Structures are given as C-alpha cells and as structure tokens.
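Have a look at the structure below, then the notes.
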Amino acid sequence: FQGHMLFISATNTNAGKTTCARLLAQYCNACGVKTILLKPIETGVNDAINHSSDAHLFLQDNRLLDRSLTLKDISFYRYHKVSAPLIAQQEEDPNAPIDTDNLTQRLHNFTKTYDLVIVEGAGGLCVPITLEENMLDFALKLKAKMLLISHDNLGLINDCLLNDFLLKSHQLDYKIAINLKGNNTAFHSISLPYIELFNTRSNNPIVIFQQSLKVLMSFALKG
Amino acid sequence: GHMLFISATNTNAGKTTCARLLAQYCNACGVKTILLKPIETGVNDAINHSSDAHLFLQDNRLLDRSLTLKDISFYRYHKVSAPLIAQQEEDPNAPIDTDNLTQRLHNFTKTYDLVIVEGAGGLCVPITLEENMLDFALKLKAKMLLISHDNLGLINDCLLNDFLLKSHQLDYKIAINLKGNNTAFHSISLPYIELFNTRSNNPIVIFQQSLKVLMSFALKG
Ligand SMILES: Nc1ncnc2c1ncn2[C@@H]1O[C@H](COP(=O)(O)OP(=O)(O)O)[C@@H](O)[C@H]1O
Ligand SMILES: Nc1ncnc2c1ncn2[C@@H]1O[C@H](COP(=O)(O)OP(=O)(O)O)[C@@H](O)[C@H]1O
Ligand SMILES: NCCCCCCCC(=O)O
Ligand SMILES: NCCCCCCCC(=O)O
Ligand SMILES: [Cl-]
Ligand SMILES: [Cl-]
Ligand SMILES: [Mg+2]
Ligand SMILES: [Mg+2]
C-alpha cells in the first residue's frame, strides 16, 4: 500500500486551513478512508500552557484511529513567536534550521500506514520556512497535491486569483476551495458571481469547500 | 507627464491614504500632481461625501478649483463589490470601457507633471469580462506602486503580488503602509523583508520612509 498526500494551504493565515482540514478528514474517515492529520510546522504556540494549537486539535482527531499517538509524532517544529517559521526558528532555535528533507521522510512515512495523509502548512504559500524555501517549495518537494483554502469575504477574488496565478505556474495538482461561513448571506451576491464566471472559463474551477467534500476526497485520492 | 498607478495587497490596505500623502509631498516639491479614482465601488454620492474620489477632489482643487467629481472619477457604483459585478447589476448596458478610461487618464498628463491613478481593491480585481486592474495598469503603460498592509500575513501577500508583477513587463515598487503605532512589525515581519531585500533587485520599501524615493521612481524615465 502507498497512500496519498494532501497539502493544505491558504490565501493567508486565519483562513480556515485547520477547520477545513478536520472537516475533510472527518468525512474521509467516515467513508472508510483512513486519514491522518499533520501540522509539521507550527508557530505562535506555547505547549506548556495551552493545548488548543492546530497540532492538538489534530492529535485528538487522529487518536480515534491510533490512540498511541502523541503531539511530537504529528508536529515537529514548534515555536512561541507569532510569525513566519523562518523568523521564529532564527530567534528561538538559531542552531537548528528547519530540515525539509527530514520533514519529507516523516510525512511520507505516514503514507505507508494511512490511505490519506493531510498536511497543514502555516499561513500562506509564500511563507518562508528556511533561507531557501517556502511553504509552496515544501509542498512541491513532498510531491503532494494541493488544497488551497480561501476566506469568504470581500477581497477573496483578488486573493484566489493571485494564488491561482502562482499555483498554475508550477508543476502540481491543486484545487482552490472557499471556506464559506454558513451565516454569510452577502457572499452569494458579492463574490460568487465572478467565481461562477471564472469557472466557466477555467479548467481548474474554484469550488465551495463545504459543498465539495465528496469531490475533494476524490481529488485527494486520484492518481 | 508621468503616470503612477496605485494598487494594493487588497482593499482597505491604504491606497487612498498613501496616494494622498505622496501627492501632498509631490505638490509641495513643485511637482504638479493630480489624483484620480477612475473606477470606484461601494459609494452613494447622494448621502456620503467621503469616497476616495471626494477626498481626491478636495486635494485636486488646491491646483484647479474648477474640478468636479465627474472629472476625476468615471465609473461609480453603490454595490460593495468588484467593479465588473457592480457594473453588470447596476448598469448592464454599459460595460466599463478601458480604452475610454485610458484616453481620459492620459489626457491629464498633458497638463500635470504627475498623474496618480488609484485602482480598486487589488491587482486581479476584475473590471470587465476580459480585463482586471493589472491589465488596465498595463494598458495605461503606467508605473505601478503596490501598497501593502503592515500586519501579520504581509509577507505572503507581498510575495504573491511580487510574483505576479515580476511576471509582467512593467516597473513596479511594493511599499508597506506602516502605521506609526505599529511596534510589532519591526520584530514580526521586518526581518524577512530585510532578508528578502538583500536577495532581490526590486526591494520592498516602507512607504512612510520613502516619499522622496517614490517621487523619483514615479518621475523616472
Ligand atoms: N465555517 C466556519 N464557521 C465558524 N468558524 C470558522 C469556520 N471556518 C473557520 N472558522 C474559524 O475561523 C478561525 C480560522 O482558524 P483556522 O481554522 O485555524 O484557519 P487557519 O488554519 O487558516 O489559520 C478559527 O477560529 C475557526 O474556528
Ligand atoms: N498609515 C496609516 N495610518 C493610520 N491610518 C491609516 C493609514 N493608512 C490608511 N489609514 C486608514 O485606514 C483606512 C484604509 O483605507 P484606504 O487608505 O482607502 O485603503 P484603500 O484605499 O486601499 O481601500 C482608512 O480609513 C484610512 O484613514
Ligand atoms: N469598496 C472597495 C471594493 C473594491 C473591490 C473588492 C475586491 C474584490 C475581491 O478581490 O474579492
Ligand atoms: N500562526 C500563524 C502565523 C504563521 C503565518 C505567518 C505568515 C507570515 C507572513 O506572511 O507575514
Ligand atoms: Cl471528528
Ligand atoms: Cl494636502
Ligand atoms: Mg491553522
Ligand atoms: Mg481606497
């Protein structure tokens, strides 16, 4: 068995990566698709004090599959500073640059025992991890598939398209999904019309996450 | 005259404020500078007189008192949305004409040293079925000043835009709109910018610190 890998990134931080990741994993696992959730690099955390980081939320979902799992098993580079990882690393752990080769082995390792390995990035695509590498670079090195989450507010069109432009310029499979809040009545009149229009002319349509679980599972497992 | 297009990482980033600050500086230095907002959305001119165009109008009147809103802003809609969406809903029979707009903007270069043009929202914001703000800026053969917010997340937003801009044949600069009370920026984001700048031939500057530099940029041949 060789399992599949889905990288999850976003238009920016605080866009819905974590929530959507969980929602997708939940769906997959319910359909009998054995799915683990990973947050390899995380910043803005203090694990002595609080247990509500993305890695912690992931850990508790993952433990429904493998109770022996621990935080250190699914998250590897963790910093207090609320910043890009590179900046956090340099300040808090100067002698230990983030090793993407290491990270890759570890993420791939999970594909040996899981049908689907979901990997949450940090912040957006151009967020720097090392002197030489950013999150997009990392996703490419992993040879993973890309799910890019967008916010659902005024300004999403610009953000989606900027990211579309960057992604389509690189050799990877990707989908862009909008994280639509249920109570967001404005979206369907304000943004959705351009998205519809954009989709008629694009071979890589932008979908609405909450309405695309089945479609996105398929995408994730395609090969 | 010279033409500077002003866009941003997104809407509500500081285009209007920075545009005014730059015009103010220019005009003070004897560089005759007009401020234009050709396309604007989310406005209701009967009720509210604080639109970007209105602010521009009152600045512009220090140079030419006869000027009126309709002279410096041409497509204006109530809907708080991308212009294309606003147009289709509010004025279906009148697509935005970028050829027209270009004439009208260029026209001002005849009588002004510098013509500053505020876009709407960001670069990929659609104006017509075929064209977005970046397209428009290219058609204008204008120079590009892209304003960025100063918050957590600016790196990503700056670089995304850098990527898109550097992929096209235009001169541009990216300026961070740094709030004066923003102590966090200097330790949270600035380090990466400095680092980025050491390795890029198109460094990211801090707007409030770069008025003279940006004026020069705007007037360079
Ligand atoms: N559909 C939704 N309804 C309510 N809150 C949401 C929804 N999607 C995301 N959020 C909230 O918005 C915030 C975004 O954080 P997160 O899911 O961690 O995004 P990111 O991983 O991109 O930082 C969280 O507090 C989360 O609970
Ligand atoms: N450097 C700054 N310092 C303090 N307030 C600012 C600064 N730049 C913009 N603002 C304020 O924040 C808001 C940003 O809006 P604006 O400048 O119109 O953004 P945009 O033109 O990109 O939509 C305005 O209300 C403005 O007064
Ligand atoms: N009031 C200013 C609104 C300008 C257009 C909004 C940007 C659309 C988007 O990128 O989703
Ligand atoms: N915990 C979220 C913080 C990590 C993302 C910071 C993004 C850096 C930037 O693009 O300026
Ligand atoms: Cl669950
Ligand atoms: Cl003034
Ligand atoms: Mg998260
Ligand atoms: Mg404005």
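Counting begins at 1 with the first residue displayed.
Per the header: X-ray crystallography, 2.8 Å.
Cβ from N, Cα, C; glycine included.
For the phosphate site, Swiss-Prot lists B:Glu118, B:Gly119, B:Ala120, B:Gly121; matching the candidates B:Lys37, B:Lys173, B:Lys179 against that entry yields B:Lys37. Cross-referencing B:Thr9, B:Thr11, B:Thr16, B:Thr17 against the Mg(2+) binding annotation in Swiss-Prot, which names B:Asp52, B:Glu118, picks out B:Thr16.
Looking only at the recorded positions B:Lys37, B:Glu118, B:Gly119, B:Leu154, B:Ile155, the one with its C-alpha closest to B:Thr16 (Mg(2+) binding site) is B:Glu118.
Contact annotation for chain A: of the listed binding-site residues (B:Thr11, B:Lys15, B:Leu154), B:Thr11 place their CB atoms under 8 A from a CB atom of that chain. A gap of 23 Å separates the Cα atoms of B:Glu118 (ATP binding site) and B:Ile155 (substrate binding site). For the binding-site residues given as B:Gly119, B:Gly121, B:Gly153, the lowest number of other CB atoms within 10 Å of the residue's CB is seen at B:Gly153. Within 10 Å of its Cβ, the residue among the binding-site residues B:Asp52, B:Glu118 with the fewest other Cβ atoms is B:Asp52.
For B:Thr41 (substrate binding site), the count of additional Cβ atoms within 10 Å of its Cβ stands at 23 [all protein chains shown]. Among the binding-site residues B:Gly121, B:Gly153, B:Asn156, the ones whose Cα sits within 10 Å of the Cα of B:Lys15 (ATP binding site) are B:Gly121, in sequence order.
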